[PDB]
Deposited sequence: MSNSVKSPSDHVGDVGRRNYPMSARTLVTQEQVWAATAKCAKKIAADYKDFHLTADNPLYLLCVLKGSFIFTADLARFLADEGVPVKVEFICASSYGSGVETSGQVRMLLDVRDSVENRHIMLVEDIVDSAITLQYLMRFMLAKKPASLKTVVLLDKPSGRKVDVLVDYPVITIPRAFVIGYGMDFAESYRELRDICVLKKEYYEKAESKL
């Protein structure tokens, strides 16, 4: 990958951590009795979370967790199509840094009165925090650095790369 100073996490490693996190989710939701009529709603935060969402959805299928998928866009612009009142919802994020974005989305989904709200994030950068939020499922915790790949971009480019890379200094 020519623009990458270094591979931070390979595709294989992202998949192995996401599979384990999917088994955790399943275990945490077992007492909720989820079915097709009362599923886990994955709320995909566009653009960057689209790859993680596609792959996490399939790992959750491996664990028998029934899902429905919604697409949201703030940086609102695209809201849920399905009512999520009385539903179990999960915000799906690629990367959280200051958490200002996530905090807004959380507050905003909460006032739709869902049964529960949880957050899953592929890459958490907790040393970046400017506000205080609950990240229920931070799959991988990493230091501050600007990353690209696996849905995350630099100036709209590089979302297609399979591995997560730290962008070359320029």
Regions left out of the model, expressed as runs of the deposited sequence counted from 1: 1-19, 95-107, 203-211
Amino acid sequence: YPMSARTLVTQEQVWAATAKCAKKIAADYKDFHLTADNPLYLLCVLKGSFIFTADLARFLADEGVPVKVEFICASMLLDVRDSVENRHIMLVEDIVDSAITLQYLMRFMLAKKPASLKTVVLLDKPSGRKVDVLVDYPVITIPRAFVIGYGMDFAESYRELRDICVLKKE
From here on, numbers count along this sequence of modelled residues.
19-27 versus 149-157 - greater average Cα B-factor per the deposited record: 19-27
Stretch with the higher entry mean CA B-factor, where the candidates are 39-47 and 104-112: 104-112
Residue, from 95, 84, 99, 90, that the PDB entry assigns the highest Cα B-factor: 84
Options 70, 124, 132, 55 - largest CA temperature factor per the record: 132
Residue 117 - which third its CA temperature factor falls in, relative to the rest of the chain: middle
Relative C-alpha B-factor of residue 140, binned into the chain's lowest, middle or highest third: lowest
